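Note sheet for the following structure.
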2 protein chains.
Amino acid sequence: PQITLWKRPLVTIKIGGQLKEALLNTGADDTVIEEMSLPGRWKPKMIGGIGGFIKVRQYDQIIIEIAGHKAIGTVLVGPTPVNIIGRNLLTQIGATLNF
Amino acid sequence: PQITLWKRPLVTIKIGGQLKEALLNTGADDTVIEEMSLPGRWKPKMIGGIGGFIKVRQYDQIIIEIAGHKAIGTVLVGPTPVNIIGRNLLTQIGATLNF
Ligand SMILES: CCCC[C@@H](CN[C@@H](CCCC)C(=O)N[C@@H](CCC(N)=O)C(=O)N[C@@H](CCCNC(N)=[NH2+])C(N)=O)NC(=O)[C@@H](NC(=O)[C@@H](NC(C)=O)[C@@H](C)O)[C@@H](C)CC
């Protein structure tokens with residue numbers, strides 16, 4: 001699709017068997033989802049931006065379906081205000097910014 | 001241009017006759033720049049990010065060039081970690097997300 005930017009670019013995702021809404025965020029290095037269970041081992045991480053830092057769990061090799069496009073990568077889980085799809089998964093679905 | 005997302009989507013901007021680097025950010029409603037001087041009156045604004053909320057100064061109708069494209073619009077100034085070009089100005093330069 002071509003997504004204009006008049007409104008927040010929200011899409012439906014499927015992760016861990018759950019449907020969620022998430023923000024396509026070219027300003028995020030990483031993908032960050034609100035609290036949920038995921039399989040495998042994890043390690044703690046601190047991630048920052050406006051307002052400072054939050055602590056998250058880092059899970060590797062997680063499959064995600066983003067607006068119908070499957071991708072695999074690292075997913076961070078923690079107390080984010082909004083579910084965020086970052087560049088690590090945007091690249092995998094072929095997303096580009098065009099102007 | 002077409003900007004891929006394997007690296008951060010950093011571009012050169014010009015504001016107040018000075019060149020700066022900024023992040024093209026689909027996950028930002030607004031454009032937020034690190035401390036600098038801008039002309040005119042400002043109004044207060046609270047904005048939120050991953051870590052919480054910060055206060056910024058809102059300046060209206062500021063001339064800004066983004067990657068060679070001229071925009072005139074609202075610029076927020078405050079303690080952002082990184083200069084970000086948000087959707088208010090991405091729409092002025094005709095940017096879209098495509099996959
Ligand atoms: C400043 C740092 C770079 C840009 C920023 C954009 N993220 C978005 C989404 C964050 C969740 C809230 C953002 O802050 N957007 C703000 C920008 C400010 C603005 N006014 O536009 C926004 O739209 N805020 C809205 C509200 C958003 C939430 N709304 C809601 N919950 N209903 C607002 N009007 O205040 N990216 C990040 O915060 C990411 N940080 C990073 O990618 C890097 N960190 C640094 C410090 O560069 C990396 C080294 O970790 C996070 C997510 C970790 C991967």
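The chains in the structure tokens are called A, B, ... from first to last as shown; in each chain the residues are counted from 1, and the ligands are counted from 1 in the order shown.
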>> Give me, as a ChimeraX atom specification, the residues of chain A that a backbone DSSP run labels helix (DSSP H, G or I).
In response: /A:87-90
Expected file contents, prior selection, C-alpha atoms, as a PDB file, in the first residue's frame:
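Wrote it out as part_18.pdb, contents follow:
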ATOM      1  CA  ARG A  87      12.900  -0.218  11.326  1.00  0.00           C
ATOM      2  CA  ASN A  88      14.043  -3.718  12.167  1.00  0.00           C
ATOM      3  CA  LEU A  89      10.738  -5.020  10.841  1.00  0.00           C
ATOM      4  CA  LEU A  90       9.816  -2.209   8.433  1.00  0.00           C
TER       5      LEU A  90
END
Could you please select, counting only C-alpha atoms, the residues of chain A within 12 Å of chain B and state them as a CSV table (one decimal) with N, CA, C and O atoms, in the first residue's frame?
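Once written, iface_21.csv looks like this:
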chain,number,residue,atom,x,y,z
A,1,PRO,N,0.8,-1.2,0.0
A,1,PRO,CA,0.0,0.0,0.0
A,1,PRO,C,0.9,1.3,0.0
A,1,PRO,O,2.1,1.2,0.3
A,2,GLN,N,0.2,2.4,-0.3
A,2,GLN,CA,0.8,3.7,-0.1
A,2,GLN,C,0.0,4.3,1.1
A,2,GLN,O,-1.2,4.3,1.0
A,3,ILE,N,0.7,4.7,2.1
A,3,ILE,CA,0.2,5.2,3.3
A,3,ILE,C,0.5,6.7,3.4
A,3,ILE,O,1.7,7.0,3.5
A,4,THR,N,-0.5,7.6,3.3
A,4,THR,CA,-0.3,9.0,3.5
A,4,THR,C,-0.2,9.2,5.0
A,4,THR,O,-0.4,8.4,5.9
A,5,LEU,N,0.2,10.5,5.3
A,5,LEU,CA,0.6,10.8,6.7
A,5,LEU,C,-0.2,11.9,7.3
A,5,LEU,O,0.1,12.5,8.3
A,6,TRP,N,-1.4,12.1,6.8
A,6,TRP,CA,-2.4,13.0,7.3
A,6,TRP,C,-2.8,12.6,8.7
A,6,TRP,O,-3.1,13.4,9.5
A,7,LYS,N,-2.8,11.3,9.0
A,7,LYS,CA,-3.2,10.7,10.2
A,7,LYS,C,-2.1,9.8,10.7
A,7,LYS,O,-1.2,9.4,9.9
A,8,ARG,N,-2.1,9.3,11.9
A,8,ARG,CA,-1.1,8.4,12.4
A,8,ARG,C,-1.1,7.1,11.6
A,8,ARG,O,-2.2,6.6,11.3
A,9,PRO,N,0.0,6.5,11.1
A,9,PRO,CA,0.0,5.3,10.3
A,9,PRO,C,-0.1,4.0,11.1
A,9,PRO,O,0.9,3.4,11.5
A,10,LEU,N,-1.3,3.7,11.4
A,10,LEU,CA,-1.7,2.6,12.2
A,10,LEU,C,-2.1,1.5,11.4
A,10,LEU,O,-2.9,1.6,10.4
A,22,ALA,N,-0.8,-1.2,15.7
A,22,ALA,CA,0.5,-0.7,15.9
A,22,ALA,C,0.8,0.5,14.9
A,22,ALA,O,0.3,0.5,13.8
A,23,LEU,N,1.7,1.3,15.4
A,23,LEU,CA,2.2,2.5,14.7
A,23,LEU,C,3.5,2.2,13.9
A,23,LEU,O,4.5,1.7,14.4
A,24,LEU,N,3.4,2.4,12.6
A,24,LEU,CA,4.6,2.3,11.7
A,24,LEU,C,5.5,3.5,12.0
A,24,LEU,O,5.1,4.6,11.7
A,25,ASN,N,6.7,3.3,12.6
A,25,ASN,CA,7.5,4.3,13.1
A,25,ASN,C,8.9,4.3,12.6
A,25,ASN,O,9.8,3.6,13.1
A,26,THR,N,9.1,5.1,11.5
A,26,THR,CA,10.5,5.2,10.9
A,26,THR,C,11.5,5.9,11.9
A,26,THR,O,12.7,5.7,11.6
A,27,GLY,N,11.0,6.5,12.9
A,27,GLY,CA,11.8,7.0,14.0
A,27,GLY,C,12.2,6.1,15.1
A,27,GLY,O,12.9,6.5,16.0
A,28,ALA,N,11.9,4.8,15.0
A,28,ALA,CA,12.2,3.8,16.0
A,28,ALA,C,13.2,2.8,15.4
A,28,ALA,O,12.9,2.2,14.3
A,29,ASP,N,14.3,2.5,16.1
A,29,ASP,CA,15.2,1.5,15.6
A,29,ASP,C,14.6,0.1,15.8
A,29,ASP,O,14.9,-0.8,15.0
A,30,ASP,N,13.8,-0.1,16.8
A,30,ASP,CA,13.3,-1.4,17.3
A,30,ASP,C,11.8,-1.4,17.3
A,30,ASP,O,11.2,-0.3,17.3
A,31,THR,N,11.2,-2.5,17.4
A,31,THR,CA,9.8,-2.8,17.6
A,31,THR,C,9.5,-3.0,19.0
A,31,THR,O,10.2,-3.8,19.7
A,32,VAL,N,8.5,-2.3,19.5
A,32,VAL,CA,8.1,-2.4,20.9
A,32,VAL,C,6.6,-2.6,21.1
A,32,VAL,O,5.8,-1.8,20.6
A,33,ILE,N,6.3,-3.6,21.8
A,33,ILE,CA,4.9,-4.0,22.0
A,33,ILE,C,4.5,-4.0,23.5
A,33,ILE,O,5.4,-4.2,24.4
A,34,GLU,N,3.3,-3.6,23.8
A,34,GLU,CA,2.8,-3.6,25.2
A,34,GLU,C,2.8,-5.0,25.7
A,34,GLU,O,3.0,-6.1,25.0
A,46,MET,N,17.2,-1.3,28.0
A,46,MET,CA,16.6,0.0,28.3
A,46,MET,C,16.5,0.7,26.9
A,46,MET,O,17.5,0.7,26.2
A,47,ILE,N,15.4,1.3,26.6
A,47,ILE,CA,15.2,2.1,25.4
A,47,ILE,C,14.7,3.5,25.7
A,47,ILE,O,13.9,3.6,26.6
A,48,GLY,N,15.2,4.4,25.0
A,48,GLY,CA,14.9,5.8,25.2
A,48,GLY,C,14.4,6.6,24.1
A,48,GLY,O,14.4,6.2,22.9
A,49,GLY,N,13.8,7.7,24.4
A,49,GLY,CA,13.3,8.7,23.4
A,49,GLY,C,12.8,9.9,24.2
A,49,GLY,O,13.3,10.2,25.2
A,50,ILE,N,11.7,10.5,23.6
A,50,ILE,CA,11.1,11.7,24.3
A,50,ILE,C,10.6,11.2,25.7
A,50,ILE,O,9.9,10.2,25.8
A,51,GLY,N,10.9,11.9,26.7
A,51,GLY,CA,10.5,11.5,28.1
A,51,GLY,C,11.5,10.6,28.8
A,51,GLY,O,11.2,10.3,29.9
A,52,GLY,N,12.6,10.1,28.1
A,52,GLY,CA,13.5,9.3,28.8
A,52,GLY,C,13.4,7.8,28.4
A,52,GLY,O,13.0,7.5,27.3
A,53,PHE,N,13.7,7.0,29.4
A,53,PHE,CA,13.9,5.5,29.1
A,53,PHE,C,12.8,4.7,29.8
A,53,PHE,O,12.3,5.0,30.9
A,54,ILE,N,12.6,3.5,29.2
A,54,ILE,CA,11.8,2.5,29.8
A,54,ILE,C,12.6,1.1,29.7
A,54,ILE,O,13.4,0.9,28.8
A,55,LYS,N,12.3,0.2,30.7
A,55,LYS,CA,12.9,-1.1,30.7
A,55,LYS,C,11.9,-2.1,30.0
A,55,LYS,O,10.7,-2.1,30.2
A,56,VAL,N,12.5,-2.9,29.1
A,56,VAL,CA,11.8,-3.8,28.3
A,56,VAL,C,12.5,-5.2,28.3
A,56,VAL,O,13.6,-5.3,28.8
A,66,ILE,N,2.4,-8.0,9.6
A,66,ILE,CA,2.2,-6.6,9.6
A,66,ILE,C,1.3,-6.2,8.4
A,66,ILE,O,1.9,-6.3,7.3
A,67,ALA,N,0.1,-5.8,8.6
A,67,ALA,CA,-0.8,-5.5,7.5
A,67,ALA,C,-0.7,-6.6,6.4
A,67,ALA,O,-0.7,-6.3,5.2
A,68,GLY,N,-0.7,-7.8,6.8
A,68,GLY,CA,-0.6,-8.9,5.9
A,68,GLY,C,0.7,-9.4,5.4
A,68,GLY,O,0.8,-10.3,4.6
A,69,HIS,N,1.8,-8.8,5.8
A,69,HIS,CA,3.1,-9.1,5.3
A,69,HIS,C,3.9,-9.7,6.5
A,69,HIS,O,4.0,-9.1,7.6
A,78,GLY,N,7.2,-4.3,26.8
A,78,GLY,CA,7.2,-3.5,28.0
A,78,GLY,C,6.2,-2.4,28.0
A,78,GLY,O,5.3,-2.4,27.2
A,79,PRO,N,6.4,-1.4,28.9
A,79,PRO,CA,5.3,-0.5,29.1
A,79,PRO,C,5.3,0.7,28.2
A,79,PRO,O,5.4,1.9,28.6
A,80,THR,N,5.3,0.4,26.9
A,80,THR,CA,5.2,1.5,25.9
A,80,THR,C,3.8,2.0,25.9
A,80,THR,O,2.8,1.3,25.9
A,81,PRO,N,3.6,3.3,25.6
A,81,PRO,CA,2.3,3.9,25.5
A,81,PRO,C,1.5,3.4,24.3
A,81,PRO,O,0.3,3.5,24.2
A,82,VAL,N,2.2,3.0,23.2
A,82,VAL,CA,1.6,2.6,21.9
A,82,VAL,C,2.5,1.5,21.4
A,82,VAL,O,3.7,1.5,21.5
A,83,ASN,N,1.9,0.5,20.7
A,83,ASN,CA,2.6,-0.5,20.0
A,83,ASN,C,3.3,0.1,18.8
A,83,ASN,O,2.7,0.9,18.1
A,84,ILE,N,4.6,-0.2,18.7
A,84,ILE,CA,5.5,0.4,17.7
A,84,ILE,C,6.1,-0.6,16.8
A,84,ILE,O,6.8,-1.5,17.3
A,85,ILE,N,6.0,-0.5,15.5
A,85,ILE,CA,6.8,-1.2,14.5
A,85,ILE,C,7.9,-0.4,14.1
A,85,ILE,O,7.7,0.7,13.5
A,86,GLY,N,9.1,-0.8,14.4
A,86,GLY,CA,10.3,0.0,14.1
A,86,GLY,C,11.0,-0.6,12.9
A,86,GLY,O,10.6,-1.5,12.2
A,87,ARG,N,12.2,0.0,12.6
A,87,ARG,CA,12.9,-0.2,11.3
A,87,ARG,C,13.3,-1.6,11.2
A,87,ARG,O,13.4,-2.1,10.0
A,88,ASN,N,13.6,-2.3,12.3
A,88,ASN,CA,14.0,-3.7,12.2
A,88,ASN,C,13.1,-4.6,11.5
A,88,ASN,O,13.4,-5.6,10.8
A,89,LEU,N,11.8,-4.3,11.6
A,89,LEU,CA,10.7,-5.0,10.8
A,89,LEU,C,10.2,-4.3,9.6
A,89,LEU,O,9.8,-4.9,8.7
A,90,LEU,N,10.2,-3.0,9.6
A,90,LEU,CA,9.8,-2.2,8.4
A,90,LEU,C,10.7,-2.6,7.2
A,90,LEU,O,10.2,-2.7,6.1
A,91,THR,N,12.0,-2.8,7.4
A,91,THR,CA,12.8,-3.2,6.3
A,91,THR,C,12.3,-4.5,5.7
A,91,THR,O,12.4,-4.7,4.5
A,92,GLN,N,11.9,-5.4,6.5
A,92,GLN,CA,11.6,-6.8,6.1
A,92,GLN,C,10.4,-6.8,5.2
A,92,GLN,O,10.2,-7.7,4.4
A,93,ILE,N,9.4,-5.9,5.5
A,93,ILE,CA,8.2,-5.8,4.7
A,93,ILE,C,8.4,-4.9,3.5
A,93,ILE,O,7.5,-4.7,2.7
A,94,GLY,N,9.6,-4.4,3.3
A,94,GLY,CA,9.9,-3.5,2.1
A,94,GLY,C,9.4,-2.1,2.2
A,94,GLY,O,9.2,-1.5,1.2
A,95,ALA,N,9.3,-1.6,3.4
A,95,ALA,CA,8.8,-0.3,3.6
A,95,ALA,C,9.8,0.8,3.2
A,95,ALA,O,10.9,0.7,3.7
A,96,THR,N,9.4,1.8,2.5
A,96,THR,CA,10.3,3.0,2.2
A,96,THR,C,9.5,4.2,2.4
A,96,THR,O,8.2,4.2,2.3
A,97,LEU,N,10.2,5.3,2.6
A,97,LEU,CA,9.6,6.7,2.6
A,97,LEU,C,9.9,7.3,1.3
A,97,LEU,O,11.0,7.2,0.8
A,98,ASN,N,8.9,7.9,0.7
A,98,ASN,CA,9.0,8.4,-0.7
A,98,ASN,C,8.5,9.8,-0.7
A,98,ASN,O,7.4,10.1,-0.2
A,99,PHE,N,9.3,10.8,-1.3
A,99,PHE,CA,8.8,12.1,-1.5
A,99,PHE,C,9.6,12.7,-2.7
A,99,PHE,O,9.3,13.9,-3.1
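Across all paired C-alpha atoms, chain A deviates from chain B by 0.5 Å RMSD after optimal superposition.
Excluding residue 43 of chain B itself and any same-chain residue fewer than 3 positions from it, the protein and nucleic acid residues within 12 Å of it, counting only C-alpha atoms, are residues 40, 46, 55, 56, 57, 58, 59, 60, 74, 75, 76 and 77 of chain B.
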Please write the residues from the selection above to a file, keeping C-alpha atoms, as a short mmCIF file (atom, residue, chain, number, x, y, z; two decimals), in the first residue's frame.
data_model
loop_
_atom_site.label_atom_id
_atom_site.label_comp_id
_atom_site.auth_asym_id
_atom_site.auth_seq_id
_atom_site.Cartn_x
_atom_site.Cartn_y
_atom_site.Cartn_z
CA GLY B 40 8.45 35.45 17.51
CA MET B 46 3.15 19.06 26.33
CA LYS B 55 7.33 20.53 27.86
CA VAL B 56 8.26 22.24 24.65
CA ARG B 57 7.95 25.69 23.06
CA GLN B 58 5.61 25.89 20.06
CA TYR B 59 6.54 28.31 17.27
CA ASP B 60 4.16 28.72 14.35
CA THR B 74 4.89 24.52 13.35
CA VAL B 75 8.18 23.70 15.05
CA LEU B 76 8.44 22.58 18.66
CA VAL B 77 11.68 23.30 20.56
#
